[PDB]
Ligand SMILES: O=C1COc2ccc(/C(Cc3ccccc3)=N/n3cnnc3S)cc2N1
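Shown here is one chain on its own, the form solved without the named molecule, set out as structure tokens.
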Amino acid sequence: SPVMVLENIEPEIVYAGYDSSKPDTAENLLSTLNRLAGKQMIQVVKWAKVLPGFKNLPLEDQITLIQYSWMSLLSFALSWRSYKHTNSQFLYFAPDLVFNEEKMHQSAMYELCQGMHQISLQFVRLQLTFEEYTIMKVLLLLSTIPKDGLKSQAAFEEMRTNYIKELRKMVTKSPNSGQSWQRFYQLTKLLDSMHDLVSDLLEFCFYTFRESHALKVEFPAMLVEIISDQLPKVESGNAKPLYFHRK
């Protein structure tokens, strides 16, 4: 069962290493978030390696997918942590870093934080299961490709199609009349709505990266590498977001 494998390979929670004794400025909160994103990205790479079917894809494509989807994976996992631990009342970045209204303001990311909070409120509305969540996160790893496609497009499409089949079989376990088509479309709609929020997070990311020292915001090595590669490709329009339902 691929879904049961997904449940067991889900990375363990990591601490942000947040310093509450230091002034709660935008530079210190953002630097803590960046440090946390760095650690979580190492976890994402180790998770992707043991993901069923991911090793079939060539190395270049595996890198491409991780680099295009990183923000989508981190934000989706944030929404899940927020839903599981606080019933989506707060943004649960880590056990030592839980954002309330004050931290959403101090981080200079209020509107972005509210946008993420809306996604977590959808988890409450839908009563999203862990089974669904784990399949959806794999679909997010496979939801952004280069405009001119991957080195092995057919291998990628076969992997993505199979995880779409997994999500469809999983929604049958949560029926209304006994129908599940409604839940499946609510899940694909929620997946599509990640692209727009992630487009805004990436815009904030890219700005803070271009002006990091002027803003006193630190970036770990993992992020420097990901962003230096992704910033030119995304801004040049070389990214192709994959939607279940075209806008």
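All residue numbers are counted from 1 along the displayed sequence.
The same protein also has a form deposited with the named molecule bound, omitted here; what follows describes it.
- Across the options 102-110, 123-131, 164-172, 145-153, residues that bring heavy atoms within 4.5 Å of the named molecule in the bound PDB entry belong to 102-110.
- Note on the partner interface in the bound PDB entry: the residue among 51, 63, 190, 26 having a heavy atom within 4.5 angstroms of the named molecule is 26.
- This chain lacks the partner; the member of 186, 67, 208, 180 within 4.5 angstroms of the named molecule in the bound PDB entry by a non-hydrogen atom is 208.
- Put simply, residue 222 is far from the named molecule in the bound PDB entry: not one heavy atom of it is within 4.5 Å.
- Using a 4.5 angstroms threshold between heavy atoms, residue 57 stays clear of the named molecule in the bound PDB entry.
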